[PDB]
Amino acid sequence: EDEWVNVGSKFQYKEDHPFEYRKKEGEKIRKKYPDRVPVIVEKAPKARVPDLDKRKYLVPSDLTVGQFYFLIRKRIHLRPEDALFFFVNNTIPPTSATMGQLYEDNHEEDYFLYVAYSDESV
């Protein structure tokens, strides 16, 4: 109302595409797909992990953060031994939480959820 404004670290999608442009496609999606969530997934700067082929994702609102984590690992083509960690607003999100709950708490003003991944906790 009285609702917190979420500011995150520097994402590349947040360098390529002015806020007025990022915003626009944001409200366009949530009206076209109310049951799903727009998520931007990028590699952390110093992280030693393979870069993601595609970084724009439409995720079901009732899918857990943990399930999306295993989904990304399969896309990064990590093996069963590799370490990977999500950072949403520079904090590691709970696995039990749903992507809908995570979006509602950590979406920026452009109606985009930003998830960063690394092999360490920075």
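C-alpha atoms forming the largest set that superposes within 1.5 Å between two forms make up the rigid core. All residue numbers are counted from 1 along the displayed sequence.
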78-86 or 63-71, the stretch lying farther from the shown form in 7 other deposited structures of this protein by root mean square CA distance over structures and residues, after core fitting, is 78-86
Comparing 86-94 with 31-39, the higher average Cα temperature factor in the PDB entry belongs to 31-39
With B-factors read from the PDB entry, the higher C-alpha mean of 108-116 and 20-28 is in 20-28
Chain-relative C-alpha B factor for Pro60 (record values, thirds): the middle
Assert third(CA B-factor, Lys46) within chain per record equals highest
In terms of its chain's C-alpha B-factors, the third that includes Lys54 is the highest
